[PDB]
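>
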Amino acid sequence: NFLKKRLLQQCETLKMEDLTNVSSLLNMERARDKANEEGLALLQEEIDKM
Amino acid sequence: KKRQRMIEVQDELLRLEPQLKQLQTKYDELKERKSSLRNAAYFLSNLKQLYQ
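First to last, the protein sequences are chains Q and U. Going by the deposited numbering, the letters in the first sequence line up with residues 111 to 124, 130 to 165, in that order. Going by the deposited numbering, the letters in the second sequence line up with residues 315 to 366, in that order.
(1) In three-state terms, what does DSSP make of residue 111 (chain Q)?
(2) For the structure I just gave you, are there three or more beta carbon pairs, one from the stretch 111-118 of chain Q and one from the stretch 134-143 of chain Q, closer than 8 Å?
(3) I'd like to know if the stretch 146-159 of chain Q and the stretch 315-329 of chain U are in contact, where contact means that at least 3 CB-CB pairs between them fall below 8 Å.
(4) Starting from residue 343 (chain U), find everything on chain Q with Cβ-Cβ shorter than 7 Å and list it in chain order.
(5) Could you give the DSSP three-state label for residue 161 (chain Q): helix, strand or coil?
(6) Kindly indicate if chain U contains any beta-carbon less than 9 Å away from that of residue 118 (chain Q).
(7) Residue 322 (chain U) and residue 159 (chain Q) - do their beta-carbons sit closer together than 9 Å?
(8) Helix or strand or just coil, what does DSSP make of residue 320 (chain U)?
(9) If we define contact as Cβ-Cβ less than 9 Å, is residue 362 (chain U) a contact residue for chain Q?
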């Protein structure tokens, strides 16, 4: 009963599976992006070192 | 960074071309200037030192 009026207190006043899954996917994406910056930036350091 | 990489390579391509032309000029000028006079001004005067 108190949880149903907790519904009536929050939802009345006021994605998640996509949140968690897509956030993990995008975290792997940011790991891949950090790898991209590691590669591109370092090869830029070597190119402008040349 | 990728656009910066393209710009740096564009500079690196331009730097490579300029350095190649400069080194070609360096070798040509070294050979010509350093060896010509040390051979011509030597020999032409040594021929003068010989004949005259």
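The beta carbon of each residue, even a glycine, is placed where N, CA and C say it ideally should be.
This is what the structure holds:
(1) coil
(2) No, the stretch 111-118 of chain Q is not in contact with the stretch 134-143 of chain Q.
(3) yes
(4) In chain order: nothing, as chain Q lies at least about 24 Å away.
(5) DSSP places residue 161 (chain Q) in helix when its eight states are reduced to three.
(6) Interface criterion not met: the Cβ of residue 118 (chain Q) is under 9 Å from no Cβ in chain U.
(7) Cβ atoms of residue 159 (chain Q) and residue 322 (chain U): closer than 9 Å.
(8) If DSSP states are grouped into helix, strand and coil, residue 320 (chain U) belongs with the helices.
(9) no
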